[PDB]
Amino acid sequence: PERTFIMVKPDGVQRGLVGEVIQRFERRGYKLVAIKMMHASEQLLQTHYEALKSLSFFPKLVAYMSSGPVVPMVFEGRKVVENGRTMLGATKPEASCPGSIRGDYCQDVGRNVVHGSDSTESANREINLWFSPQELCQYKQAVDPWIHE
C-alpha cells in the first residue's frame, strides 16, 4: 500500500487552501488515512529537513515553518508518491505548470503552500516522524475496483 506525506505550510493555512489541497488528492481517488493541525516545534522541523541542515537558508526555513500552524496528512494509493509530486508542481512556482498547486496559487519558492514527499523512502520516514501508527486509519474505499486494476 503506497503512501505519501503531504503537509500544508503556514502560508497555505493563512490563505485558506487546506481544503483545496485535500480535495486535489480526493478527486484523484487517493485515500486520506491521517491528518492533524499542529504547531511544529523547531526540533521536529530540523529532523524533517535534515537533508538541508547544511544550507544557508536552513535556519530561516525552520523559523518560518514554526511561525504558524501546519496541517500534516497522509494519502494512500497507486503511484501516490510520484503523482503527489506532479500535482504539487515544481518547487519554484515560476517553473510549475498551471493546474498544479504551486502553478495555480504560488509566486515565491519561500511561500509555496505545501510539502510533499519526493520518494518512497522519504515518504516512509516522514510519515513515521509526524504520525504514530495508531493515527493512521484503515478502511476499504468503495470505489477501489474502479480506481485501479
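Residues carry their position along the shown sequence, with the first being 1.
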Of 30-38 vs 43-51, the stretch with the larger average CA B-factor in the entry is 43-51
Higher of the two mean Cα B-factors (76-84, 55-63; per PDB record) comes from 55-63
Among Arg15, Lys9, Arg125, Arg24, the highest C-alpha B-factor in the PDB entry belongs to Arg125
Here the Cα B-factor of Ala95, set against its chain, lands in the third termed middle
Split the chain's modelled residues into thirds by Cα B-factor; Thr120 lands in the highest
